[PDB]
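Everything below belongs to model-v6.cif, which stores mmCIF, C-alpha atoms and all ligand atoms.
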```
data_entry
#
loop_
_atom_site.group_PDB
_atom_site.id
_atom_site.type_symbol
_atom_site.label_atom_id
_atom_site.label_comp_id
_atom_site.auth_asym_id
_atom_site.auth_seq_id
_atom_site.Cartn_x
_atom_site.Cartn_y
_atom_site.Cartn_z
ATOM 1 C CA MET A 1 0.000 0.000 0.000
ATOM 2 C CA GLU A 2 1.467 3.413 -1.135
ATOM 3 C CA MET A 3 2.612 4.898 2.244
ATOM 4 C CA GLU A 4 1.135 8.369 1.242
ATOM 5 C CA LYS A 5 -2.387 6.772 1.256
ATOM 6 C CA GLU A 6 -1.623 4.703 4.417
ATOM 7 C CA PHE A 7 -0.539 8.133 5.886
ATOM 8 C CA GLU A 8 -3.833 10.000 5.089
ATOM 9 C CA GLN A 9 -5.872 6.917 6.309
ATOM 10 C CA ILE A 10 -4.025 6.964 9.745
ATOM 11 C CA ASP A 11 -4.286 10.835 9.957
ATOM 12 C CA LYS A 12 -8.050 10.956 9.142
ATOM 13 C CA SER A 13 -8.660 8.042 11.609
ATOM 14 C CA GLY A 14 -6.258 9.603 14.218
ATOM 15 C CA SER A 15 -4.731 6.123 14.945
ATOM 16 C CA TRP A 16 -0.960 7.032 15.251
ATOM 17 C CA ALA A 17 -0.915 5.944 18.962
ATOM 18 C CA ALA A 18 -2.477 2.581 17.925
ATOM 19 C CA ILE A 19 0.029 1.866 15.025
ATOM 20 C CA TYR A 20 2.947 2.837 17.384
ATOM 21 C CA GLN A 21 1.842 0.456 20.212
ATOM 22 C CA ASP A 22 1.582 -2.415 17.591
ATOM 23 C CA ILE A 23 5.294 -1.813 16.692
ATOM 24 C CA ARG A 24 6.198 -1.736 20.420
ATOM 25 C CA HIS A 25 4.380 -5.120 20.900
ATOM 26 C CA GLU A 26 6.055 -6.934 17.896
ATOM 27 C CA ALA A 27 9.600 -5.517 18.526
ATOM 28 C CA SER A 28 12.485 -7.948 19.253
ATOM 29 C CA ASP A 29 13.658 -8.677 22.848
ATOM 30 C CA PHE A 30 17.277 -9.906 23.039
ATOM 31 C CA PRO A 31 19.561 -10.093 26.100
ATOM 32 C CA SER A 32 21.692 -7.062 27.223
ATOM 33 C CA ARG A 33 23.699 -8.843 30.007
ATOM 34 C CA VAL A 34 27.033 -6.963 29.478
ATOM 35 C CA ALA A 35 25.231 -3.503 29.747
ATOM 36 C CA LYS A 36 23.779 -4.536 33.152
ATOM 37 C CA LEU A 37 27.087 -5.707 34.825
ATOM 38 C CA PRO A 38 27.819 -3.614 37.963
ATOM 39 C CA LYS A 39 31.259 -2.470 36.559
ATOM 40 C CA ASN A 40 29.298 -0.693 33.663
ATOM 41 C CA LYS A 41 26.786 1.327 35.680
ATOM 42 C CA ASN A 42 28.561 4.691 35.113
ATOM 43 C CA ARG A 43 28.889 3.877 31.299
ATOM 44 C CA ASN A 44 25.066 4.105 30.805
ATOM 45 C CA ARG A 45 23.128 7.392 30.656
ATOM 46 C CA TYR A 46 19.663 5.741 31.063
ATOM 47 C CA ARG A 47 18.909 2.544 33.076
ATOM 48 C CA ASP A 48 16.206 1.495 30.489
ATOM 49 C CA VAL A 49 18.315 2.005 27.239
ATOM 50 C CA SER A 50 20.965 -0.678 26.615
ATOM 51 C CA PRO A 51 22.632 -2.285 23.589
ATOM 52 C CA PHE A 52 21.837 -5.994 22.874
ATOM 53 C CA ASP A 53 24.799 -8.357 23.445
ATOM 54 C CA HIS A 54 24.621 -9.731 19.840
ATOM 55 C CA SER A 55 24.979 -6.272 18.074
ATOM 56 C CA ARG A 56 26.998 -4.224 20.697
ATOM 57 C CA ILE A 57 30.216 -2.458 19.581
ATOM 58 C CA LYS A 58 33.246 -3.824 21.444
ATOM 59 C CA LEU A 59 36.176 -1.525 22.391
ATOM 60 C CA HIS A 60 39.617 -3.074 21.483
ATOM 61 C CA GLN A 61 40.896 -3.239 25.102
ATOM 62 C CA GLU A 62 41.287 -6.178 27.538
ATOM 63 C CA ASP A 63 40.373 -4.066 30.657
ATOM 64 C CA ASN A 64 36.684 -3.378 29.812
ATOM 65 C CA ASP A 65 35.377 -3.564 26.195
ATOM 66 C CA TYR A 66 31.938 -1.982 27.012
ATOM 67 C CA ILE A 67 30.307 1.114 25.346
ATOM 68 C CA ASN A 68 26.572 1.872 24.998
ATOM 69 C CA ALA A 69 26.554 1.573 21.131
ATOM 70 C CA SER A 70 24.951 -0.815 18.579
ATOM 71 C CA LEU A 71 25.761 -1.869 14.949
ATOM 72 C CA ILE A 72 22.593 -1.569 12.739
ATOM 73 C CA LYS A 73 23.423 -3.625 9.531
ATOM 74 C CA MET A 74 20.767 -3.156 6.732
ATOM 75 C CA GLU A 75 21.484 -6.061 4.324
ATOM 76 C CA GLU A 76 19.223 -5.198 1.329
ATOM 77 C CA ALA A 77 19.995 -1.424 1.516
ATOM 78 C CA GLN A 78 23.815 -2.151 1.880
ATOM 79 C CA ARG A 79 24.099 0.495 4.667
ATOM 80 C CA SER A 80 25.465 0.136 8.252
ATOM 81 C CA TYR A 81 25.094 2.666 11.130
ATOM 82 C CA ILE A 82 26.456 2.809 14.692
ATOM 83 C CA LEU A 83 23.755 4.256 17.028
ATOM 84 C CA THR A 84 25.075 5.428 20.460
ATOM 85 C CA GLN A 85 24.040 7.544 23.482
ATOM 86 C CA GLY A 86 25.402 11.091 23.930
ATOM 87 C CA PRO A 87 28.823 10.678 25.588
ATOM 88 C CA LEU A 88 29.023 11.014 29.433
ATOM 89 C CA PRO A 89 31.810 12.702 31.463
ATOM 90 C CA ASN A 90 33.411 9.221 32.006
ATOM 91 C CA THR A 91 32.977 7.954 28.349
ATOM 92 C CA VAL A 92 34.298 10.755 26.039
ATOM 93 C CA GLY A 93 37.611 8.847 25.652
ATOM 94 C CA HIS A 94 35.719 5.554 24.890
ATOM 95 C CA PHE A 95 33.546 7.430 22.297
ATOM 96 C CA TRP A 96 36.612 8.610 20.271
ATOM 97 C CA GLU A 97 38.340 5.160 20.688
ATOM 98 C CA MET A 98 35.242 3.637 18.966
ATOM 99 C CA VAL A 99 35.346 6.195 16.082
ATOM 100 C CA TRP A 100 39.069 5.355 15.580
ATOM 101 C CA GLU A 101 38.702 1.548 15.830
ATOM 102 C CA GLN A 102 35.576 1.328 13.562
ATOM 103 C CA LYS A 103 37.203 3.601 10.836
ATOM 104 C CA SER A 104 34.219 5.977 10.783
ATOM 105 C CA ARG A 105 34.454 9.164 8.608
ATOM 106 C CA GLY A 106 31.415 10.999 10.090
ATOM 107 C CA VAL A 107 29.670 11.677 13.461
ATOM 108 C CA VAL A 108 25.990 12.828 13.272
ATOM 109 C CA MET A 109 24.757 14.725 16.428
ATOM 110 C CA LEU A 110 20.938 15.450 16.627
ATOM 111 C CA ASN A 111 20.768 17.172 20.075
ATOM 112 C CA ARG A 112 22.096 20.328 21.780
ATOM 113 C CA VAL A 113 24.503 19.891 24.737
ATOM 114 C CA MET A 114 21.814 21.611 26.954
ATOM 115 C CA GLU A 115 18.030 21.107 26.281
ATOM 116 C CA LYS A 116 15.093 21.727 28.695
ATOM 117 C CA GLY A 117 17.642 23.322 31.134
ATOM 118 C CA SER A 118 19.563 19.991 31.678
ATOM 119 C CA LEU A 119 22.759 18.468 30.240
ATOM 120 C CA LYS A 120 21.923 15.949 27.428
ATOM 121 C CA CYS A 121 25.590 15.081 26.580
ATOM 122 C CA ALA A 122 29.174 16.158 27.487
ATOM 123 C CA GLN A 123 31.040 18.871 25.481
ATOM 124 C CA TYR A 124 33.071 16.087 23.744
ATOM 125 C CA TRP A 125 34.730 18.147 20.896
ATOM 126 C CA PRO A 126 36.921 21.342 21.040
ATOM 127 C CA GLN A 127 35.220 24.734 20.504
ATOM 128 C CA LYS A 128 38.432 26.636 19.492
ATOM 129 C CA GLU A 129 41.223 25.721 17.040
ATOM 130 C CA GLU A 130 43.957 26.712 19.575
ATOM 131 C CA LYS A 131 42.497 24.598 22.502
ATOM 132 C CA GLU A 132 42.737 20.885 21.424
ATOM 133 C CA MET A 133 41.726 17.917 23.708
ATOM 134 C CA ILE A 134 43.906 14.964 24.921
ATOM 135 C CA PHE A 135 42.171 11.782 26.249
ATOM 136 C CA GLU A 136 44.938 10.206 28.427
ATOM 137 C CA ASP A 137 42.943 6.959 29.090
ATOM 138 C CA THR A 138 42.541 6.104 25.330
ATOM 139 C CA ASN A 139 45.720 7.990 24.116
ATOM 140 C CA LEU A 140 43.922 10.205 21.494
ATOM 141 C CA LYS A 141 44.209 13.924 20.540
ATOM 142 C CA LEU A 142 41.338 15.834 18.917
ATOM 143 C CA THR A 143 41.730 19.265 17.185
ATOM 144 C CA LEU A 144 39.092 21.575 15.666
ATOM 145 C CA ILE A 145 40.220 22.317 12.007
ATOM 146 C CA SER A 146 37.247 24.451 10.752
ATOM 147 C CA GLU A 147 33.582 25.176 11.546
ATOM 148 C CA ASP A 148 30.746 26.176 9.082
ATOM 149 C CA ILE A 149 27.671 27.521 11.011
ATOM 150 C CA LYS A 150 24.351 27.483 9.023
ATOM 151 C CA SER A 151 20.776 28.382 10.068
ATOM 152 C CA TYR A 152 19.667 24.740 10.762
ATOM 153 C CA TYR A 153 23.020 22.849 11.231
ATOM 154 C CA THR A 154 26.823 23.248 11.800
ATOM 155 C CA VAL A 155 29.522 21.187 9.996
ATOM 156 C CA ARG A 156 32.955 20.806 11.615
ATOM 157 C CA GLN A 157 36.218 19.368 10.347
ATOM 158 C CA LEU A 158 38.114 17.570 13.172
ATOM 159 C CA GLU A 159 41.562 15.907 13.260
ATOM 160 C CA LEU A 160 41.838 12.717 15.356
ATOM 161 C CA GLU A 161 45.409 11.566 16.204
ATOM 162 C CA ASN A 162 46.279 8.138 17.635
ATOM 163 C CA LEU A 163 49.088 9.319 19.992
ATOM 164 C CA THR A 164 50.399 5.693 20.090
ATOM 165 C CA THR A 165 51.224 5.546 16.285
ATOM 166 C CA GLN A 166 51.040 9.284 15.278
ATOM 167 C CA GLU A 167 48.517 8.332 12.537
ATOM 168 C CA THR A 168 45.874 11.082 11.915
ATOM 169 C CA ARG A 169 42.443 11.064 10.220
ATOM 170 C CA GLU A 170 39.965 13.745 9.209
ATOM 171 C CA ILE A 171 36.519 13.262 10.909
ATOM 172 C CA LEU A 172 33.471 15.298 9.803
ATOM 173 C CA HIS A 173 30.988 16.384 12.565
ATOM 174 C CA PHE A 174 27.382 17.021 11.305
ATOM 175 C CA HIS A 175 25.425 18.840 14.071
ATOM 176 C CA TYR A 176 21.656 19.331 13.578
ATOM 177 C CA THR A 177 21.048 22.282 15.974
ATOM 178 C CA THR A 178 17.302 23.130 15.537
ATOM 179 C CA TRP A 179 15.300 20.018 16.655
ATOM 180 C CA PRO A 180 12.732 21.581 19.094
ATOM 181 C CA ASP A 181 12.982 20.858 22.889
ATOM 182 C CA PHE A 182 9.381 19.358 22.709
ATOM 183 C CA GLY A 183 7.743 17.380 19.851
ATOM 184 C CA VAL A 184 9.075 17.154 16.230
ATOM 185 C CA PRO A 185 9.734 19.721 13.453
ATOM 186 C CA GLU A 186 6.569 21.061 11.721
ATOM 187 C CA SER A 187 8.147 20.433 8.237
ATOM 188 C CA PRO A 188 10.791 17.791 7.369
ATOM 189 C CA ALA A 189 12.467 20.124 4.790
ATOM 190 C CA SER A 190 15.437 21.150 7.036
ATOM 191 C CA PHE A 191 15.953 17.536 8.337
ATOM 192 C CA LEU A 192 16.050 16.149 4.693
ATOM 193 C CA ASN A 193 18.434 18.971 3.594
ATOM 194 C CA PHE A 194 20.692 17.911 6.521
ATOM 195 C CA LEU A 195 20.447 14.137 5.583
ATOM 196 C CA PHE A 196 21.509 15.037 1.976
ATOM 197 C CA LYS A 197 24.547 17.027 3.292
ATOM 198 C CA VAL A 198 25.721 13.993 5.318
ATOM 199 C CA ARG A 199 25.277 11.753 2.177
ATOM 200 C CA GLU A 200 27.163 14.256 -0.055
ATOM 201 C CA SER A 201 30.193 14.162 2.356
ATOM 202 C CA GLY A 202 30.960 10.418 1.780
ATOM 203 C CA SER A 203 30.287 9.657 5.506
ATOM 204 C CA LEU A 204 27.555 6.997 4.686
ATOM 205 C CA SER A 205 29.492 5.292 1.868
ATOM 206 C CA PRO A 206 30.928 1.737 1.944
ATOM 207 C CA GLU A 207 34.554 2.867 1.523
ATOM 208 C CA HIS A 208 34.410 4.083 5.215
ATOM 209 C CA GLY A 209 33.479 2.431 8.542
ATOM 210 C CA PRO A 210 29.853 2.991 9.659
ATOM 211 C CA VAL A 211 28.683 6.557 10.472
ATOM 212 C CA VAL A 212 28.323 7.185 14.267
ATOM 213 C CA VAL A 213 24.834 8.664 15.019
ATOM 214 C CA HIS A 214 23.707 9.968 18.450
ATOM 215 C CA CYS A 215 21.144 12.083 20.327
ATOM 216 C CA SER A 216 20.777 11.869 24.153
ATOM 217 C CA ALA A 217 19.658 8.157 24.444
ATOM 218 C CA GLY A 218 20.548 7.213 20.801
ATOM 219 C CA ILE A 219 17.089 5.726 19.936
ATOM 220 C CA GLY A 220 14.569 8.519 19.153
ATOM 221 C CA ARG A 221 15.949 11.278 16.839
ATOM 222 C CA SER A 222 18.795 8.828 15.963
ATOM 223 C CA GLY A 223 16.158 6.227 14.953
ATOM 224 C CA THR A 224 14.364 8.786 12.707
ATOM 225 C CA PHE A 225 17.645 9.632 10.847
ATOM 226 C CA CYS A 226 18.603 5.984 9.945
ATOM 227 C CA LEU A 227 14.960 4.928 9.198
ATOM 228 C CA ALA A 228 14.483 7.835 6.734
ATOM 229 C CA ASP A 229 17.903 7.227 5.047
ATOM 230 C CA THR A 230 17.345 3.405 4.631
ATOM 231 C CA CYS A 231 13.694 3.764 3.323
ATOM 232 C CA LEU A 232 14.796 6.377 0.671
ATOM 233 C CA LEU A 233 17.736 4.152 -0.471
ATOM 234 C CA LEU A 234 15.367 1.098 -0.850
ATOM 235 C CA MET A 235 12.895 3.255 -2.938
ATOM 236 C CA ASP A 236 15.896 4.069 -5.286
ATOM 237 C CA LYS A 237 17.098 0.424 -5.570
ATOM 238 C CA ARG A 238 13.788 -1.564 -6.047
ATOM 239 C CA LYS A 239 11.731 -2.008 -9.290
ATOM 240 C CA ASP A 240 8.563 -1.174 -7.252
ATOM 241 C CA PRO A 241 9.216 1.777 -4.831
ATOM 242 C CA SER A 242 5.600 1.456 -3.471
ATOM 243 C CA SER A 243 6.658 -1.977 -1.984
ATOM 244 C CA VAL A 244 8.774 -0.115 0.707
ATOM 245 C CA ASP A 245 6.986 -0.726 4.062
ATOM 246 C CA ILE A 246 8.298 1.768 6.708
ATOM 247 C CA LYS A 247 6.859 -0.314 9.646
ATOM 248 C CA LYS A 248 8.685 -3.452 8.395
ATOM 249 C CA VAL A 249 11.996 -1.518 7.976
ATOM 250 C CA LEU A 250 11.615 -0.132 11.571
ATOM 251 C CA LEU A 251 11.036 -3.666 13.004
ATOM 252 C CA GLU A 252 14.131 -4.929 11.089
ATOM 253 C CA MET A 253 16.219 -2.064 12.632
ATOM 254 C CA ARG A 254 14.796 -2.883 16.146
ATOM 255 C CA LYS A 255 16.440 -6.364 15.840
ATOM 256 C CA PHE A 256 19.780 -4.425 16.386
ATOM 257 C CA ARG A 257 18.874 -1.733 19.027
ATOM 258 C CA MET A 258 15.847 -1.428 21.335
ATOM 259 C CA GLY A 259 13.330 1.450 21.341
ATOM 260 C CA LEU A 260 14.101 3.113 17.920
ATOM 261 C CA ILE A 261 11.439 5.863 17.418
ATOM 262 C CA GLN A 262 10.319 6.886 20.956
ATOM 263 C CA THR A 263 6.852 8.440 20.265
ATOM 264 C CA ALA A 264 3.868 8.259 17.852
ATOM 265 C CA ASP A 265 4.798 11.864 16.762
ATOM 266 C CA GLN A 266 8.372 10.669 15.757
ATOM 267 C CA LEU A 267 6.696 7.759 13.781
ATOM 268 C CA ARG A 268 4.414 10.262 11.907
ATOM 269 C CA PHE A 269 7.406 12.584 11.252
ATOM 270 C CA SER A 270 9.450 9.626 9.777
ATOM 271 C CA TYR A 271 6.550 8.902 7.310
ATOM 272 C CA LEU A 272 6.389 12.641 6.353
ATOM 273 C CA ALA A 273 10.200 12.783 5.766
ATOM 274 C CA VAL A 274 10.192 9.663 3.507
ATOM 275 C CA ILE A 275 7.087 10.837 1.520
ATOM 276 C CA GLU A 276 8.547 14.368 0.942
ATOM 277 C CA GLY A 277 12.086 12.983 0.254
ATOM 278 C CA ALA A 278 10.782 10.468 -2.382
ATOM 279 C CA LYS A 279 9.724 13.521 -4.526
ATOM 280 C CA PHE A 280 13.573 13.910 -5.162
ATOM 281 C CA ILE A 281 14.533 10.126 -5.425
ATOM 282 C CA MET A 282 11.846 9.606 -8.207
ATOM 283 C CA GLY A 283 13.528 12.178 -10.505
ATOM 284 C CA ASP A 284 12.739 15.751 -9.435
HETATM 285 N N1 LIG B 301 38.972 13.191 29.534
HETATM 286 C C1 LIG B 301 38.067 13.981 28.838
HETATM 287 O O1 LIG B 301 36.995 13.480 28.525
HETATM 288 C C2 LIG B 301 38.417 15.400 28.519
HETATM 289 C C3 LIG B 301 39.729 15.657 28.095
HETATM 290 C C4 LIG B 301 40.151 16.975 27.787
HETATM 291 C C5 LIG B 301 39.249 18.031 27.900
HETATM 292 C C6 LIG B 301 37.934 17.802 28.337
HETATM 293 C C7 LIG B 301 37.497 16.485 28.643
HETATM 294 N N2 LIG B 301 36.158 16.198 29.090
HETATM 295 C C8 LIG B 301 35.075 16.860 28.308
HETATM 296 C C9 LIG B 301 33.660 16.393 28.572
HETATM 297 C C10 LIG B 301 33.601 15.376 29.717
HETATM 298 C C11 LIG B 301 34.408 15.864 30.938
HETATM 299 C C12 LIG B 301 35.867 16.221 30.533
#
```
Translate this structure into structure tokens?
Amino acid sequence: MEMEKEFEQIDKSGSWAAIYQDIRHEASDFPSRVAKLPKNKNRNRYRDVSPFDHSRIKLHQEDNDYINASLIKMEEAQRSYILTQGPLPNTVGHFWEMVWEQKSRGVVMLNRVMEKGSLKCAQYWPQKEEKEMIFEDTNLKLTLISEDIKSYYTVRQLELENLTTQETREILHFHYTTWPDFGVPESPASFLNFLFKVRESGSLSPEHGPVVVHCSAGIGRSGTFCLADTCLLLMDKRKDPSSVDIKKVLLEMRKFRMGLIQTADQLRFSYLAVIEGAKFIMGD
């Protein structure tokens, strides 16, 4: 069923809360035993948001390999994503160790450091060129190279140095700065423009490690970003673009991380983004 007609049918019937609970009921439940070990309590932002054991990213260290991060591998679309929480005061060094070890080119940030008067993630990148950061625990140095501030997003060029080997890499930081403190954006135009800027950079392409995507918990806004990207790529690849079922794609992605799309409003917004984005994919 053409999702645009499914959309109007749910809107006119006002059944978004009903569709959303059906997804919550059918979603996968896999163990997260490593996340719940007592040694890892200060590595988790939220007691109720944990990576599954089968899909968790492992740090390359014998001491403690744990980070709250999941590998989402979309087989038919040929896209992979790492979804992670906003870094905590004790996990900024682990965060950049993961970027280094997984060979990522891009980091996508969908939250502000402060929202609703509370801290949603640590200031984990340098704000001035002349004031770089050194993570002693993971032996990494991070330098701000350049910053391009736009009305709806900021793009930063960062240099990450492995102080052990003196290898360096360029990382691109894509920061969506205008998601409202409550609810979802009224139009998906700025969010789709932002998704197309990340794609244009090479950060989502198979010559690099997976993109790192985060918000505060790494499931809600982060879920909307990967769901919209994957659905648009499948509409490009398939003979019948109307065969793309957003609910089935979301349940596939929930095999790899719990709780993706946190509200019925985020589910409606994901449908709107895919419907409006398809009007480019199909030749406009
Ligand atoms: N070890 C670090 O993470 C670190 C290193 C250099 C400068 C700042 C740093 N952080 C920033 C956000 C979390 C608290 C402290």
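Against this structure, the PyMOL selection byres (((not hetatm)) within 7 of (chain B and resi 301)) ends up with residues 88, 89, 90, 91, 92, 93, 122, 123, 124, 133, 134, 135 and 136 of chain A.
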Could you save the residues just selected, with C-alpha atoms, as a PDB file, in the coordinates of the input?
```pdb
ATOM      1  CA  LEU A  88      29.023  11.014  29.433  1.00  0.00           C
ATOM      2  CA  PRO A  89      31.810  12.702  31.463  1.00  0.00           C
ATOM      3  CA  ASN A  90      33.411   9.221  32.006  1.00  0.00           C
ATOM      4  CA  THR A  91      32.977   7.954  28.349  1.00  0.00           C
ATOM      5  CA  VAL A  92      34.298  10.755  26.039  1.00  0.00           C
ATOM      6  CA  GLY A  93      37.611   8.847  25.652  1.00  0.00           C
ATOM      7  CA  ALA A 122      29.174  16.158  27.487  1.00  0.00           C
ATOM      8  CA  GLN A 123      31.040  18.871  25.481  1.00  0.00           C
ATOM      9  CA  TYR A 124      33.071  16.087  23.744  1.00  0.00           C
ATOM     10  CA  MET A 133      41.726  17.917  23.708  1.00  0.00           C
ATOM     11  CA  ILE A 134      43.906  14.964  24.921  1.00  0.00           C
ATOM     12  CA  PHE A 135      42.171  11.782  26.249  1.00  0.00           C
ATOM     13  CA  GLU A 136      44.938  10.206  28.427  1.00  0.00           C
TER      14      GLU A 136
END
```
Anything within 10 Å of (15.9, 1.0, 6.4): list those residues as a tab-separated table (two decimals) with C-alpha atoms, keeping the file's coordinate frame, counting all atoms listed in the file and sticking to the file's coordinates.
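Dumped everything to selection_20.tsv:
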```tsv
chain	number	residue	atom	x	y	z
A	72	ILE	CA	22.59	-1.57	12.74
A	73	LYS	CA	23.42	-3.62	9.53
A	74	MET	CA	20.77	-3.16	6.73
A	75	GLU	CA	21.48	-6.06	4.32
A	76	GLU	CA	19.22	-5.20	1.33
A	77	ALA	CA	20.00	-1.42	1.52
A	78	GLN	CA	23.82	-2.15	1.88
A	79	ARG	CA	24.10	0.50	4.67
A	80	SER	CA	25.46	0.14	8.25
A	225	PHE	CA	17.64	9.63	10.85
A	226	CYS	CA	18.60	5.98	9.94
A	227	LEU	CA	14.96	4.93	9.20
A	228	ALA	CA	14.48	7.84	6.73
A	229	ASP	CA	17.90	7.23	5.05
A	230	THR	CA	17.34	3.40	4.63
A	231	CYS	CA	13.69	3.76	3.32
A	232	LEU	CA	14.80	6.38	0.67
A	233	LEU	CA	17.74	4.15	-0.47
A	234	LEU	CA	15.37	1.10	-0.85
A	244	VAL	CA	8.77	-0.12	0.71
A	245	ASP	CA	6.99	-0.73	4.06
A	246	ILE	CA	8.30	1.77	6.71
A	247	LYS	CA	6.86	-0.31	9.65
A	248	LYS	CA	8.68	-3.45	8.40
A	249	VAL	CA	12.00	-1.52	7.98
A	250	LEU	CA	11.62	-0.13	11.57
A	251	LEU	CA	11.04	-3.67	13.00
A	252	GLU	CA	14.13	-4.93	11.09
A	253	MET	CA	16.22	-2.06	12.63
```
Which residues match the PyMOL selection byres (((chain A and resi 86) around 9) and not hetatm) in the file above, as an MDAnalysis selection string? chainID A and resid 45 84:85 87:88 109 111 113 120:122 214:218
Range 39-137 of chain A near range 164-171 of chain A within 12 Å: what's each residue's closest atom pair and its distance in Å to one decimal, counting only C-alpha atoms, ordered by chain then ascending residue number, as JSON lines?
```
{"residue": "A:96", "atom": "CA", "partner": "A:171", "partner_atom": "CA", "distance": 10.5}
{"residue": "A:99", "atom": "CA", "partner": "A:171", "partner_atom": "CA", "distance": 8.8}
{"residue": "A:100", "atom": "CA", "partner": "A:169", "partner_atom": "CA", "distance": 8.5}
{"residue": "A:101", "atom": "CA", "partner": "A:169", "partner_atom": "CA", "distance": 11.7}
{"residue": "A:103", "atom": "CA", "partner": "A:169", "partner_atom": "CA", "distance": 9.1}
{"residue": "A:104", "atom": "CA", "partner": "A:171", "partner_atom": "CA", "distance": 7.6}
{"residue": "A:105", "atom": "CA", "partner": "A:171", "partner_atom": "CA", "distance": 5.1}
{"residue": "A:106", "atom": "CA", "partner": "A:171", "partner_atom": "CA", "distance": 5.6}
{"residue": "A:107", "atom": "CA", "partner": "A:171", "partner_atom": "CA", "distance": 7.5}
{"residue": "A:108", "atom": "CA", "partner": "A:171", "partner_atom": "CA", "distance": 10.8}
{"residue": "A:125", "atom": "CA", "partner": "A:171", "partner_atom": "CA", "distance": 11.3}
{"residue": "A:135", "atom": "CA", "partner": "A:164", "partner_atom": "CA", "distance": 11.9}
{"residue": "A:136", "atom": "CA", "partner": "A:164", "partner_atom": "CA", "distance": 10.9}
{"residue": "A:137", "atom": "CA", "partner": "A:164", "partner_atom": "CA", "distance": 11.8}
```
Next, write the just-selected residues to a file, as an mmCIF file, in the coordinates of the input, keeping C-alpha atoms as the atom set.
```cif
data_model
loop_
_atom_site.group_PDB
_atom_site.id
_atom_site.type_symbol
_atom_site.label_atom_id
_atom_site.label_comp_id
_atom_site.auth_asym_id
_atom_site.auth_seq_id
_atom_site.Cartn_x
_atom_site.Cartn_y
_atom_site.Cartn_z
ATOM 1 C CA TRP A 96 36.612 8.610 20.271
ATOM 2 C CA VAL A 99 35.346 6.195 16.082
ATOM 3 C CA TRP A 100 39.069 5.355 15.580
ATOM 4 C CA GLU A 101 38.702 1.548 15.830
ATOM 5 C CA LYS A 103 37.203 3.601 10.836
ATOM 6 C CA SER A 104 34.219 5.977 10.783
ATOM 7 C CA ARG A 105 34.454 9.164 8.608
ATOM 8 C CA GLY A 106 31.415 10.999 10.090
ATOM 9 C CA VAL A 107 29.670 11.677 13.461
ATOM 10 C CA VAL A 108 25.990 12.828 13.272
ATOM 11 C CA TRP A 125 34.730 18.147 20.896
ATOM 12 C CA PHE A 135 42.171 11.782 26.249
ATOM 13 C CA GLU A 136 44.938 10.206 28.427
ATOM 14 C CA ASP A 137 42.943 6.959 29.090
#
```
Can you tell me, as a compact mmCIF listing (two decimals) with C-alpha atoms, in the coordinates of the input, what residues are no more than 8 Å from residue 146 in chain A when counting only C-alpha atoms, ignoring any on the same chain fewer than 2 positions away?
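What ended up in around.txt:
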```
# COMPACT_ATOMS: atom_id res chain seq x y z
CA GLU A 129 41.22 25.72 17.04
CA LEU A 144 39.09 21.58 15.67
CA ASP A 148 30.75 26.18 9.08
CA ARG A 156 32.96 20.81 11.62
CA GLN A 157 36.22 19.37 10.35
CA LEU A 158 38.11 17.57 13.17
```
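For the pair CA of residue 31 in chain A and CA of residue 258 in chain A, the separation is 10.6 Å.
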Give me the result of the PyMOL selection byres (((chain A and resi 6-12) around 12) and not hetatm) on this file, residue by residue, as a PyMOL selection string. chain A and resi 1-5+13-20+242+245-247+264-265+267-275
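Here CA of residue 177 in chain A and CA of residue 46 in chain A stand 22.4 Å from one another.
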Taken to one decimal, the CA of residue 195 in chain A-CA of residue 155 in chain A distance is 12.3 Å
